[PDB]
Each structure stands twice: as C-alpha cells, then as structure tokens.
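Q: Chains as they are written, first to last, in the working numbering: chain V, 74 to 600; chain X, 72 to 121.
What follows is a single structure, and I will ask about it in a moment.
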Amino acid sequence: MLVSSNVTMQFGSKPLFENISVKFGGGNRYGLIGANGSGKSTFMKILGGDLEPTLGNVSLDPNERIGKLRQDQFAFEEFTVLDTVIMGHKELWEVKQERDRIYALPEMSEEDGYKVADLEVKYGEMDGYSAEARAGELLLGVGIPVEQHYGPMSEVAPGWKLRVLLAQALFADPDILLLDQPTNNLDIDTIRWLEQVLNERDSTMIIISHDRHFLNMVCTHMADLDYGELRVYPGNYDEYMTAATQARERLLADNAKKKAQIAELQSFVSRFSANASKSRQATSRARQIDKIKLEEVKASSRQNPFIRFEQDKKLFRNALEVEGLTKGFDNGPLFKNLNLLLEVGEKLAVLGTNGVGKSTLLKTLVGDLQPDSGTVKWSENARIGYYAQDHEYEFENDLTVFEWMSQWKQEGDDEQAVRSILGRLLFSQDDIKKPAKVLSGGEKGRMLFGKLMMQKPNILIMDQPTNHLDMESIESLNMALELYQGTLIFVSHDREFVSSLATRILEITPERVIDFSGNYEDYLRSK
Amino acid sequence: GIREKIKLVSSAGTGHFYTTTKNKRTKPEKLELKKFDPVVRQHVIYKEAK
RNA sequence: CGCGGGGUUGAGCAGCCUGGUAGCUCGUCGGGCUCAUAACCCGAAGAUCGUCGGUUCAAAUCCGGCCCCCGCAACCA
RNA sequence: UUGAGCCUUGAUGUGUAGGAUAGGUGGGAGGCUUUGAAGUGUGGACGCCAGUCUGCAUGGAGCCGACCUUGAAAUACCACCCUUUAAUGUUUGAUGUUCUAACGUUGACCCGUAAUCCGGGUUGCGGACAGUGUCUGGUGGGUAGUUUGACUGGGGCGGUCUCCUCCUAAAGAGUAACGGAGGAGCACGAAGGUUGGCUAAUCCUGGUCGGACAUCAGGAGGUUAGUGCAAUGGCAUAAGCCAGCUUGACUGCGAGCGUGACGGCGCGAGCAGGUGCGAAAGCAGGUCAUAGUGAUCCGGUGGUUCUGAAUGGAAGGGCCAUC
RNA sequence: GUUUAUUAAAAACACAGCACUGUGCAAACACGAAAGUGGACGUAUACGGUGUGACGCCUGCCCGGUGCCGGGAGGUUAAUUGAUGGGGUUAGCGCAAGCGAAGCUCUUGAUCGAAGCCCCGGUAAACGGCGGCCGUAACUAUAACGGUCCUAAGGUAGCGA
RNA sequence: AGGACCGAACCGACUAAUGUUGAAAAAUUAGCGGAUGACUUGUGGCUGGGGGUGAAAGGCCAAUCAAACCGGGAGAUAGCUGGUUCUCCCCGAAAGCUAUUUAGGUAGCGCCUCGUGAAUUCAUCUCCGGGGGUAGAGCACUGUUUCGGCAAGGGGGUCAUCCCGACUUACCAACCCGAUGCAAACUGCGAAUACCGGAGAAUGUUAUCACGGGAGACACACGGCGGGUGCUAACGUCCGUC
RNA sequence: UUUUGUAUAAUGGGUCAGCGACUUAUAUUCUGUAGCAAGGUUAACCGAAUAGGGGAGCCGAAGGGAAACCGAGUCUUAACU
RNA sequence: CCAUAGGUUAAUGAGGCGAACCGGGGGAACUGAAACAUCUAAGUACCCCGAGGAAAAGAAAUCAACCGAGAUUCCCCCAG
RNA sequence: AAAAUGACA
Ligand SMILES: Nc1ncnc2c1ncn2[C@@H]1O[C@H](COP(=O)(O)OP(=O)(O)OP(=O)(O)O)[C@@H](O)[C@H]1O
Ligand SMILES: Nc1ncnc2c1ncn2[C@@H]1O[C@H](COP(=O)(O)OP(=O)(O)OP(=O)(O)O)[C@@H](O)[C@H]1O
Ligand SMILES: [Mg+2]
Ligand SMILES: [Mg+2]
Ligand SMILES: [Mg+2]
Ligand SMILES: [Mg+2]
Ligand SMILES: [Mg+2]
Ligand SMILES: [Mg+2]
Ligand SMILES: [Mg+2]
Ligand SMILES: [Mg+2]
Ligand SMILES: [Mg+2]
Ligand SMILES: [Mg+2]
Ligand SMILES: [Mg+2]
Ligand SMILES: [Mg+2]
Ligand SMILES: [Mg+2]
Ligand SMILES: [Mg+2]
Ligand SMILES: [Mg+2]
Ligand SMILES: [Mg+2]
Ligand SMILES: [Mg+2]
Ligand SMILES: [Mg+2]
Ligand SMILES: [Mg+2]
Ligand SMILES: [Mg+2]
Ligand SMILES: [Mg+2]
Ligand SMILES: [Mg+2]
Ligand SMILES: [Mg+2]
Ligand SMILES: [Mg+2]
Ligand SMILES: [Mg+2]
Ligand SMILES: [Mg+2]
Ligand SMILES: [Mg+2]
Ligand SMILES: [Mg+2]
Ligand SMILES: [Mg+2]
Ligand SMILES: [Mg+2]
Ligand SMILES: [Mg+2]
Ligand SMILES: [Mg+2]
Ligand SMILES: [Mg+2]
Ligand SMILES: [Mg+2]
Ligand SMILES: [Mg+2]
Ligand SMILES: [Mg+2]
Ligand SMILES: [Mg+2]
Ligand SMILES: [Mg+2]
Ligand SMILES: [Mg+2]
Ligand SMILES: [Mg+2]
Ligand SMILES: [Mg+2]
Ligand SMILES: [Mg+2]
Ligand SMILES: [Mg+2]
Ligand SMILES: [Mg+2]
Ligand SMILES: [Mg+2]
Ligand SMILES: [Mg+2]
Ligand SMILES: [Mg+2]
Ligand SMILES: [Mg+2]
Ligand SMILES: [Mg+2]
Ligand SMILES: [Mg+2]
Ligand SMILES: [Mg+2]
Ligand SMILES: [Mg+2]
Ligand code: NA
Ligand code: NA
C-alpha cells in the first residue's frame, strides 16, 4: 500500500539524472527504459536502498519486502542452486552464516552462549526450517529439474540461470526491481513463459529490458530516462513512441518560433534605430528580445555508435574442418559428429533452445575445451576474434578504459588512432579515465566490438553479441556485420537479427543437428 | 564557475565543519584532511560531506 | 571601416548543433544499350571545408586576426 | 447494472519422498457413529485433472486414530484467528432508465377586480434538469490604477554604469574628459607548507634517419628566459625548475599602522592551545603582489537551555557556523 | 444628402446594392446590483454585429501564425475528500539515559476531481501572407527553357512614373 | 411619377472685400447650394458625466468638453518660479571629493561662524636626515630610422635542365661593426621646486588640534604657468597650482 | 531678482494710500539665567480654588552582555600578558 | 363547503423641521513612501437610517498570577 | 509500365 520516492546520483563529471522526483506504487508496472550507459540499472539500484545517492533526496519504505534480480547473471559460480534461491531472503542468509559457524568452531566462548541461542530463535521466528523445502517447490515450479537442485551454478546453462535467478526474486515480496534483460532466455518459449508469470502476479514491479515487444505484453507505464531526467508516459510502448518523439518535435517547433520572432524584431531594430521618430519604438522591441529566453535543447543519449570490421589477410578457400565432435560433459553427448565446412563466408547462425549446448560447441570450436574429436583444423592464416557469451574475466585487474583498450593493437599508435576507435563508439573525453571494470552492460559489450576493431580479426565468432545493446547499437551491429567481408559464426536468440543478417543455419536439437535451409525466412517457412 | 562548495564535517562527533571549494569534474572522490576542532581542542580528521 | 549574414568538390545546399566518417541533387569523364543523339544502366575522378594562427591526443566544427561577397544604418526640428 | 468497505455462515487452499490436492500455531492421542453408519448406486461445483465435495433413500451400523517417508503432522476433534472465495443484508460512490413532491412556467381557465401588473386556486408542460448563494480553475484592454533609468559638448542612436594594470598625472599621496591602450566575474587538495637539490633564451661548431628548428657532446652568452591568466613592480638567498614528508588553506586574540565622508578594505610583530617539515637555528594563519566581486530585509540547514507571556515542556526568537 | 456651432464642406460620413456571421423566441444583443423594459405586440423572406459600397467584367494561390468552429481517445490541471509517514505533550516502564499506549494537536500530503491548454480536423468578401542563386537561342542584348535551395504559398486577371 | 428641372418665402454657408480696442465674444456687402423632401418649423416631453447623443468631426451636452457646471476632501502636492518689511558693531565662505532613479535635489567630509579645553601646537627662514625618476638628456633595453662595411639566408636565370647543384645575378637581405636622429605608455643617467621628519633664533591680538551649537555651498568665470582634446582655432572643453 | 556676469535691448513695477509673508501647539537636544543639589520635580485631581495637599510617576546617582547573569566591573575565550 | 384573502367603519400613534454632540448601514482619492502596486492618508471626507437631553457601554464564560483585584464610562502615567 | 528526335541536296 506504500510507494517509493525521489533520488539524485552522479559518478563523476556531468551528473546523471539531476533531481528525479517520481513515485512508484499501485499495481501498475513501470517499464523503465533508457539508452546504454545512462541511469537505469544504477537508478533503481539506489531504489533498492543498498547504496545511497550523492544529492541524497532519499526514498524510504523500510517495512515491506524488496526482491531484486540484477544484471550480473554469472555473479555466483560457487553457491549451489538451492543456496542462491535461499539467499534471496537477505535476513535469513546473513543470520545463517553467523549461525553456521558452529561446526567450524572447535571452541565456544561465554558470550557465544546466548548468541547462538539468539540467532537460532531468530531462525525459527522467520521459519528458516523450511527455506530449503520452500524454495525447492518454487524452484521446481519455475522449470528447474530436481537433479540439478544440489548442483553448483557453474554447471547450469545461462538460459536456465535466469529461471533460477527469477525464483530467487520471487520470495513473497510485493515489489521487484527487475533488471531482467531476458538476454539468454530468448527462446520465445521461455520469453512467453516469463510473460505469463509477471502478468498474472499483482505487484508494483519495475522492468528494465530493452525488448520492445516484451515491454508491450507486460508493462503498463513507462519511465524513460533519456535527456537529464525521467518522465512517466502511460501507455504500453508504442503509445509511448508517439508521445516521446512528438513532445520533442513540438519543442523544436516552439523553440524555432521564438528564433524566427526574434529575427523579425531585429528587422525593425536594425532599420529604424537611429531614426528620431521611430527610436522610442525600436528600443521598445530591442528590450523585448531580451525577455524571450528560448529554452535549451539537450542531446538524446540514444546515439548510434559507428562500428565496422575490416580484414587483414582474407583467406580464400575455406575456414572450418570438423570431422566428428562427440562432446558431452556429464550426460548424453550434445552432438555426435557434426561434419562442418565454412567456405569463407556463410555467417552460420547457430540456433536452438537454451540448454542444448550451442555455446559449448563454439567454445570447443575455437580450441579452449578439448573435444574427443580429431582437431578443428583452422585455416593457414586465421585470426580468430572471440566474443564469449559471458565476458567478465577480461574486465578485471582494475585497468582504466584507456588502459584496457590500449594493449590491443598491432601497428597503430598508442595515443591517437586508439582514442578515435575507442571514442568512435560513444566514449567521451572524461569517460576514458575511469576503471574499465566499472563499466556497465552495453559498454562492456561495446568494448569487445572495439577490441576487434584494431585487432582486425580475419575470422570472427561473436557468441552472443546482441545481449545488452540498446536497440540502436543493435541496428549498428546489424549493419556492421552486413557489409562485413569475411566469416563469422554467431549464435543469436532473437529472430530479426538472424533474419536480416546473412545466414546459413545450423540448428541444434537432440540428436540430429539440422544444417542449412537458406535465409531463415525459409527455414521457418519450411515448417 | 565549475568549482562548487563543500563542507568538511569533523570526525570527533561534534558538529564542526570547515567550508571550502572543490572541483568535482577532475576528482569525484572525497577529501580527507587532518584539521583543528575547537570544540574538543584536538587535531582530528575531517571527511568531506554535504 | 558602423552593424548583421555568408565563404565546402564545376552549380545549388546540408553537415558547425556542443570535436573521433567530406555528404545530397545536378555536372564532367570512361564504358554499355542505339543506325546516331538524348533518356537510362554500370565505374571512377576532384575539396588546403577562404587564408594564418591559438587550445586539443584529434578541428569543416571551439576561440582570435585578416581577406572576399551580400544586405542594413549613418535622425528630426 | 456495476465498484468499495463491514457483519454472518459455508466452502477454500500437495508433487519432490506416501494410504492421501496435510495452511499456520500442539491441547491432546481418544474421539466419531444410530439427534442412523462402512460400502452401493445416484447429481452439482471446483479442480499443478487423482480427487474434495454435498441433495439422495436404500443399504442400516462399522469406520477413524496411533503408525508411516517427512523440514512439519494429519477434516480424529474442537476452538483463536490467516488466504481465496458465494449468499444474504449492510452503509456509500458511478452510470442508465422511469416517477412526482421541491423548483420553473414571459401555456390555458376562475377569483380579488369595474386591472395584457401582482397574489391565490384548478390544470397542462418541463422536473430534481434549469436557476440562485459560498468556494474554485480558465478567459477577460470591456474597465481601473500605474510603470516605461542615468551620463551625454541640445535630445535621440551608438558607447558606458562594478573591479584590476600602464600613460595623461606637472620626480610624496590624490587628480578630469564620450582621452590613449589592455584585462576580470576565475584556477589549484596541489599550482599550498617545509626540507634537500638545480639554473634559462639564443647562438655557433661536431653528430644516423634529421630537415631553417626535436634528442646529444663541447664553447660563447648571460637571464635578452620563466612566472596558471592582462600590464606594471619584482625575483639568483631565487618568488623560476625537480623530488621526500605532509595539511598552518587551523582555532581564540592582537601592540601598532595604512586608506576611505561613512559602510568598509588592507598590513601586522607577538600571546594561548594543538599540528607539519628540519639534525637544529627556524619556517608555516594559503598561492611573487596587485582583478576573480555585491550591503540590509526575508527565509533554509546544523550546533548551543541564552529566553520560553500561570507552571513543566514546546512552538517562536537570540548567539555561533553556513546557504 | 451629412459633417469639425466659431480658420478644414472634401476624395471624408451616409447611402441603395453585396457578403460573412449570430439568433428557434423567456431569441441573440443592450440599459439595469434586481424587478423589469427595448429588440417587437416582430418570428429566420425576421432581427443584431462586422466589412465593402450604384451598375458592368470579375474577385486568383496559402489554414503554417493569431482568432473562431467541431472532436473526444490520451497527458497536465482547482476547490472538495484526508489514506499514510514525521514532530509536540504524557499515563506508565525505569526511582540513569532513554522508550512510549489513549487523547488533543502541528505538518506532509496517497485516492476522487470539469472546463482550459497539449493533441486531431475545418474556416481567409476571418485578422493576415503571396521567394532567392546559377546557366542557356545563327552578331549584340533578353531569356521561351533548365538546375537547385527554401516556404503554408510564392502576386494570377487587371492596372502601372 | 420623381430623395426630377429653373427659381422667391424658408433652410444653409462655397469665394472675395470690409470688420479685428468691430454695428457684431463669427457679422455686413456682392455673388453661392437645396428649395415635395434622408426637408423645414412652432409647443410640450425623454436620454446626464467615464455618462448621454453622435449620416462619425473627438463633434455637441447653456459663449466651457481627450471627460460639463456647483459645493465639498482642500490650505491636495509642487526637489519648480516669484516675494520676504527697522538700525549699527565683529568675523566671513563655496561653486570641491564621495554616494545617489542622481546630475538645476540631498546626505557625510572639505571651506565659514560661536563656545569650551589644551601642548615653543602651527606658519615663514637657516642647517641637517630622506624617497624620487618629472624637465633635460641618452640609445645598453622596448620600439622606430637614415647612411657605409662584411654577410647568413631568401630569391633570378644557365645545365643531362635525372641526381650531386656543377658554373652565373642587373637582385634583395636578417645578425653584428662605425656614424646620425625620434618616443606619454623606452631608461645603463638625472635636476630646479615641491613634500616628509629633526634642531635652532626672531616674528605672528593661538594663527594649530579636539569636542560641541548654527550655517551656507556642491551652476563657477577670466589671467599666468604644466598639460589632455580641438586646428598648440574659439570669450571652446577637461584637469593641477597660484 | 537671477546669475560666471547686467545700463543692459534679461524679470518686475503707471503713481499714491491702506493691507501682505518664519507663526501656534506638544515633545527632544544645546546655550544663558534662577531655585534646590545626591538629589530635582510633580501630572490628573481635591481645594473659600496663581496658596496648600497630591511623589502615581519621570530624570540622575552603575556599567557590561543578544540573554540568563555578573557588578566597579563586565563581555570575548578553554584562559587571557 | 367551512375558512382565509379582500372591503368598510371606529379608536390610537406616526409623518415634517432643526447648529453641534451620539449609535448604526455604506465608504473614497489627492497625499506620504522623495517613482509605485502591499502599506499610508483612513474607517477620515461624504451619502443614508435612528434617538436622546445626553447617546452608547455596563454588572466577568474579565484580568492577574499561585499573591490577589472585583460592572461600565472619563482624565494623568505606564509609553512612543 | 517507359519508347523523344533525325539540316539542304
Ligand atoms: N561507481 C561508479 N562511480 C561513478 N560513476 C559510475 C560508477 N559506476 C558507473 N558509473 C558511471 O555511470 C554510468 C551508468 O552506468 P550504469 O550501471 O547505470 O549503466 P546502464 O546505463 O544501466 O547501462 P546498461 O543499459 O548497459 O545496463 C557508467 O557508464 C559510468 O560512466
Ligand atoms: N562444466 C559443465 N559441467 C557440467 N555440465 C555442463 C558444463 N557446462 C555445460 N554443461 C551442461 O551442458 C549443456 C551445455 O550448455 P552451455 O553452458 O554450453 O550453454 P548452452 O546450452 O548453449 O545455453 P544457452 O543457449 O542458454 O547459452 C547444458 O545442458 C549445461 O547444463
Ligand atoms: Mg489603461
Ligand atoms: Mg495615485
Ligand atoms: Mg537625460
Ligand atoms: Mg604622483
Ligand atoms: Mg607632484
Ligand atoms: Mg581636486
Ligand atoms: Mg605557485
Ligand atoms: Mg629551497
Ligand atoms: Mg613555492
Ligand atoms: Mg599571481
Ligand atoms: Mg510557559
Ligand atoms: Mg534556534
Ligand atoms: Mg451634394
Ligand atoms: Mg468650421
Ligand atoms: Mg468653410
Ligand atoms: Mg419587451
Ligand atoms: Mg469604404
Ligand atoms: Mg480574396
Ligand atoms: Mg428636386
Ligand atoms: Mg451645419
Ligand atoms: Mg449673402
Ligand atoms: Mg440639383
Ligand atoms: Mg432651385
Ligand atoms: Mg421644446
Ligand atoms: Mg459650448
Ligand atoms: Mg478624468
Ligand atoms: Mg486631505
Ligand atoms: Mg494651493
Ligand atoms: Mg508631486
Ligand atoms: Mg574682514
Ligand atoms: Mg532637480
Ligand atoms: Mg623629454
Ligand atoms: Mg550637484
Ligand atoms: Mg559641479
Ligand atoms: Mg573648474
Ligand atoms: Mg570657459
Ligand atoms: Mg552668486
Ligand atoms: Mg546666462
Ligand atoms: Mg557695467
Ligand atoms: Mg545685447
Ligand atoms: Mg532702452
Ligand atoms: Mg530691464
Ligand atoms: Mg525668465
Ligand atoms: Mg512691466
Ligand atoms: Mg505685517
Ligand atoms: Mg544596567
Ligand atoms: Mg420624527
Ligand atoms: Mg509618493
Ligand atoms: Mg515626490
Ligand atoms: Mg442608555
Ligand atoms: Mg482564590
Ligand atoms: Mg528538337
Ligand atoms: Na545495467
Ligand atoms: Na550457452
């Protein structure tokens, strides 16, 4: 029955959203959208109350429950699946860890005497004695099979990893700050599943995804944060699209009315100024110009990064040579033989529902995971560029934005010709003097597009490129690969990116891996 | 201009602050100087605030 | 030498919009179609962004001076 | 017709693992059943579809419970409530049709009356609409009160209005003009403090790319360089150039002066308390100095019993810091 | 025909004629703090406001701006309603700081909330508007013609020192 | 028949003269337009002051109209003009600075006057201790400038005009050397006066300072000297000093 | 009269006679003089009423501080040479 | 229909004038702020209604302050 | 669907 309040935040130069003043409450789900690298994730991170803003407008509601799914979908490879879901209850988790230091403590103290009783009575009061079982039924209820309940999250497919992480959020909370960009789970089947779960649950939830269609079926209000602040536009998404791109147009027309009215008062002032009979009237509109004050126009953060990949040697005959792969981790092998040939092109969109091993195919196609195969036989002068599905080991050791980008080069100069490439994809002068690990989402992805700019990889992979991009970098990336000369073997989950971009399909289903149907406008047409 | 006003609130618990200016665009991190607190009559640390 | 606006490829124009790619329509040229010329199809050429400086890693773009063009003003008893 | 709240009753609510679609608290293991049963057929409704379920006589009198995998026991039992839900009433909102009884009638007829006013009566038509009162949003030169700067080689236009540097300024200070020339509305957590150390521009010769001009080695020169920012004065004991440690860019005061009609502005040895650098003598109360800035009222934030309109509090003031 | 009695008698005002627009009658509109009157003892072939001004040939393009008319989907929005959160006081709990029921209070303000405006169309005998640069025809000149930029549209018929 | 035609009564007012302390606070004379119509006229009514009426001029509303007349608020306010009345004695200015919705007003100080209280307090001259950067001068610096010598270097042409540049020029020409000038914003030099401080005699009805009562004034003018501006023009204009 | 300045050809006045412009009330400050003097003095009012009662009250003898408060001291400051 | 409205008659009272004072219903602006709009001038000028020799007010749901005073009205202080 | 033109002798 309560609502949230206002905040204001800044991570350095040019503060971000500058005195937001909004309220979220009721049952309506405020779909929060915005360009890459602008508020959004960190705006509602403040809303969760774990970190406080700079200007400190404060937004308090400390009585009810908040459950938050975040963007770091791989932030726990260690905790078992049952532990991650239980940890969604913050009070239960922190109590248990200090309680669990019983069998790990060989000697007990006097003050520990009632302390262990004090923690145990709190455990029973919030009934932690059923948390493992309470989560298990819910965990089974979202589609995770029993046999992987006790397994580690390292050995769970990222598409499945969202189903666990949504179960963590759903812990009887009447609001959820969903950072859910349904990146990995875009099977349409799983997407359609997540649309039913959220729609038929009554909560004052917030959704942040970039999927235009997904926001239609679920969200009722939109909270675009584009120029310097967030404005709430009711309507789904395409009733929004008119107003947001019309209120801008009506401002440019109003702004250009004054700029054309001033320029016509300057006709009188510049003509009848020295005149003795008309001077008192020209100085009546010479001081009327000084009272118009046309309102300033700010630039939208929804810019279009300009990326293009160019070759270095351009092999001519063919790239791939796979005889028989027969790779399986701990169950029935995900593929049997997979005889493959690329023939210098054939952008080879790998497909399939999540959890069938398309990412483990690419990982062993590049030679990281050793298969029981007989080698993959790269070409004579292949320069492989890799964009892994998960990319977090690269962004470590606290290098800066300029530092991280700099080492990747072969002949270009260190000061210029890498600032331009790094700055071409929307990195301002003050944005490159901060650690490269503090970047967020699309900027992490945009770095790996820039990484292949200077590298000039003759052969490309791009495991899952269109994950966190902001619907404009996707249009740029789709255009960048379209005129690309060379070979790339990508696996994408959405339809339009695969359909428009050149393709030679290789779908993976147990057990036969269907190879080739042409345009992917015919692959579905054959069905 | 681009230089705005801050206050260094003491750490000795008492309410005392030296007010200065600091450029935020170049450096967005806090300021830590050991200054004099006349309320307790000692040199203590003054973390930036406001 | 008082005040505004402008100088970009052969012509007419964007791009200056908060600095990271020299672009549109005609035009010239070389092929093709045709008996031949137009129309049309394919391919390429040219610009020191008026000049000279100044912060910039980086300037058509930001600042300063000069040149050239187009307007307007230089009042009433 | 449809939303919202309230009461009453009845229904209502698993996978993991089983004899089973068990909500929570644990009081208890004996209730239940014939104020007609076990099973039988017969129908709703609900139903992560097996079942709960209750109108139904007949059949007529045994079923349940403990145990059993379980994180937990069991419609075996009752109570105190929870979830979702239907029915009554229950108070209210929204809309739609109707109704007369407020109200309107500048429709008709009768009377006061020898009266196209007014009042009363009968009736017809509208009918909770219209209209009026208080409050309120929009529009409102229809109307009213007023404003619309100064210097100025007459007035207007142009220029200017506060601060800093040089000349005019007549070798102390000051000194005007719409006199001649340029700048400011900042910057710096180091570009401040201290200790240690260092000395430039420009030329010649010789030297791979290398070039009138990069970096290097010698010699002449002497500060013609440098100073975050315009100009003047200054600077080798460097105030210019490097590095180590640091916060004195600190709190309360301040003899004595300088400059202003005042408001004010500036310099300052030294005293008290606590720091920094150095072995120590000592230096340090911002920066080589001069521009980088606006009084009072009104209000905002923090601290502090100073006051607190009978008393105890408090609101509100005061003082200190600050916007 | 009328007009500045007392320096202007006119090209000014009026006019018959034309058009737009309002008004269904207790008409619009006007004088009235109101009752009431005029409009009119008239009823859309009537009445009021605005502009043009006999008669003849005619009255071109522009709805972007400002007005007026229509639309109701959506955004913003007053009074009214007072859900929540914070403070003041204190019965009590402690014979420490401190905490704080009920009530009374100060304040914040969830929900309901029309016209208007934003938005979508129309209207110019509604107020108003109606373009540049470059090249080109057998001597010269000029462009019937072409390119391009912009605009809501670029001044047509007629007339022209 | 006609808002028809010519034309007296009647209604008007187009031209000229006179008149202008008039016969008249708009008329007389000679001509002039309408004169059966939207005409003219007698008597009586109605509309009133931000209102009336207006064939529309801001016209008329009692010789008064961009808001009538009378009385009242009322002795509105006037930083603006004018005026300010008997006598003698003593002293005796300013027309400047600063600020100003300020510039012809005012406020504080400077200048005047009256009273009180104080120091060889103050003024002139001689001697002593001082800091200048003006006049003048000078060209080491900042600029500028003319000669003469050397000459970097930038050009001009001659070659296979491919390289090395191999030969040339009637060229210009920076830095230094010698000579010659100029400067408010130049100074390796630098007065006279003025100013500040100290000591000393004489002279001066305290002439000096502080406080307190009362002001006026803040429009200046010409002349000499040093200047800015102007034309080294103005009884021009802005400063310093007399 | 107004001015830097007037015979000024800048204002005013034809002459005479009469009238015509710094006042009154209540407060505050300074000077002179008179009374009393660490004290001075009443107002309204009563009053056979310019006497006499009336000391309500005002000024002064003590200041400092925003204030509580302290007091020939007091404020600032943790404290002042 | 009763009755009311209306009509006539009789008795009583009022009407209008007046200088100031008094209570009530309305209520400006010039002016000052060195302009002006909050404010001031001012509840003043003026208009209207009513009454008396006087008129209004008047007998605490008032003050004070842990001591007390005792309706209303007028004058001097408190006090600029 | 688009399809213009061709000096005398
Ligand atoms: N710790 C930080 N401190 C200061 N500024 C930060 C910090 N972290 C991020 N930023 C800045 O804030 C920006 C916004 O980051 P944020 O996490 O909000 O991403 P986002 O806009 O939600 O992006 P995406 O849509 O890709 O998830 C970053 O690009 C960076 O410039
Ligand atoms: N290290 C591992 N140990 C055990 N099982 C693994 C391991 N890695 C992958 N798997 C399993 O094998 C399959 C391979 O999945 P993988 O992680 O390669 O991604 P994917 O199937 O392509 O999924 P998505 O489309 O969601 O990215 C999955 O079923 C996953 O659970
Ligand atoms: Mg007006
Ligand atoms: Mg007035
Ligand atoms: Mg003036
Ligand atoms: Mg001097
Ligand atoms: Mg001098
Ligand atoms: Mg002077
Ligand atoms: Mg420095
Ligand atoms: Mg040193
Ligand atoms: Mg230093
Ligand atoms: Mg300096
Ligand atoms: Mg009290
Ligand atoms: Mg306070
Ligand atoms: Mg006529
Ligand atoms: Mg006339
Ligand atoms: Mg006339
Ligand atoms: Mg009528
Ligand atoms: Mg006309
Ligand atoms: Mg027209
Ligand atoms: Mg006639
Ligand atoms: Mg007439
Ligand atoms: Mg006549
Ligand atoms: Mg006629
Ligand atoms: Mg006639
Ligand atoms: Mg008459
Ligand atoms: Mg008259
Ligand atoms: Mg008037
Ligand atoms: Mg008056
Ligand atoms: Mg008068
Ligand atoms: Mg006046
Ligand atoms: Mg004398
Ligand atoms: Mg004046
Ligand atoms: Mg000289
Ligand atoms: Mg003056
Ligand atoms: Mg003067
Ligand atoms: Mg003078
Ligand atoms: Mg003169
Ligand atoms: Mg004089
Ligand atoms: Mg004169
Ligand atoms: Mg004379
Ligand atoms: Mg003369
Ligand atoms: Mg004479
Ligand atoms: Mg005279
Ligand atoms: Mg005169
Ligand atoms: Mg005279
Ligand atoms: Mg007299
Ligand atoms: Mg005292
Ligand atoms: Mg009477
Ligand atoms: Mg005034
Ligand atoms: Mg005045
Ligand atoms: Mg009485
Ligand atoms: Mg008592
Ligand atoms: Mg042709
Ligand atoms: Na994010
Ligand atoms: Na994968």
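A virtual CB, placed ideally from N, CA and C, is assigned to each residue, including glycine.
Is it buried or exposed for V:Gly-121, if we count other Cβ within 10 angstroms and need 16 for buried?
A: Answer is exposed; the Cβ neighbour count stays below 16.
Q: Under a CB-based cut-off of 7 Å, is X:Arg-74 close to chain V?
A: X:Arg-74 does not count as touching chain V.
Q: Rounded to a whole number of angstroms, what is the C-alpha to C-alpha distance between X:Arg-74 and X:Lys-93?
A: If I take the Cα positions, the gap works out to 6 Å.
Q: Taking X:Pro-109 as the query, report the chain V residues whose CB atoms sit under 9 Å from its CB, ordered along the chain.
A: Per Cβ cutoff of 9 Å: no residues; X:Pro-109 is ~28 Å from chain V at best.
Q: Just to confirm the assignment: which complete beta strand (DSSP E) runs, minimum length 3, are found wholly within the segment 223 to 269 of chain V?
A: Listed in chain order, the complete beta strand (DSSP E) runs (minimum 3 residues) inside the segment 223 to 269 of chain V are 249 to 251.
Q: If you draw a straight line from the C-alpha of V:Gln-489 to the C-alpha of V:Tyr-460, how long is it?
A: Cα to Cα, V:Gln-489 sits roughly 25 Å from V:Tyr-460.
Q: So is V:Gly-110 in contact with chain X if we call contact Cβ pairs under 7 Å?
A: Closer than 7 Å: no.
Q: Bridge partners for V:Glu-580 per DSSP, in chain order?
A: V:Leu-424.
Q: In the structure shown, what three-state DSSP assignment does V:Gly-458 receive?
A: Strand.
Q: For the segment 296 to 318 of chain V, list every residue whose C-beta sits within 9 Å of some C-beta in chain X, in sequence order.
A: Correct list: empty, as no residue qualifies.
Q: Could you give the DSSP three-state label for X:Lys-105: helix, strand or coil?
A: Here X:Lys-105 sits in strand by DSSP.
Q: By Cβ distance, which residues of its chain are closer than 7 Å to V:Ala-317, with the 5 residues on each side in sequence left out?
A: Within the same chain, V:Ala-317 has close Cβ partners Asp-297 and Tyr-306.
Q: Does the separation of the CB atoms of V:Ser-572 and V:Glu-545 fall below 7 Å?
A: Contact flag unset, no.
Q: Tell me V:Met-314's beta-bridge partners as DSSP assigns them.
A: For V:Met-314, which the question treats as bridged, DSSP gives no partner whatsoever.
Q: To the nearest angstrom, report how far apart V:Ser-479 and V:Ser-493 are at their CA atoms.
A: About 12 Å.
Q: Could you work out which residue in V:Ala-320, V:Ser-77, V:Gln-146 and V:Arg-274 is closest to V:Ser-94 when comparing CA atoms only?
A: The option with the nearest alpha carbon to V:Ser-94 is V:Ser-77.
Q: Let me see if you follow: with CB-CB separation under 7 Å, is X:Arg-96 close to chain V or not?
A: Closer than 7 Å: yes.
Q: Taking the C-alpha atoms as reference points, what is the distance between V:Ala-148 and V:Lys-163?
A: Taking the straight line joining both Cα atoms gives about 16 Å.
Q: Any Cβ of chain X within less than 7 Å of the Cβ of V:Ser-86?
A: Answer yes: the Cβ-Cβ gap between V:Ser-86 and chain X drops below 7 Å somewhere.
Q: Along chain X, which residues have their Cβ under 8 Å away from the Cβ of V:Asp-503?
A: The answer, in chain order, is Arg-96.
Q: Classify V:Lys-386 as helix, strand or coil using the three-state DSSP reduction.
A: In this structure, V:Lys-386 counts as coil in the three-state DSSP scheme.
Q: Let me make sure I understand the geometry here. Which of X:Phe-107, X:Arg-96, X:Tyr-89 and X:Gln-113 has the alpha-carbon closest to that of X:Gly-72?
A: The residue with the shortest Cα to Cα distance from X:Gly-72 is X:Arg-96.
Q: In this structure, does DSSP put V:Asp-588 in helix, strand or coil?
A: Three-state result, V:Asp-588: strand.
Q: For V:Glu-210, which of helix, strand or coil comes out of DSSP?
A: It is helical.
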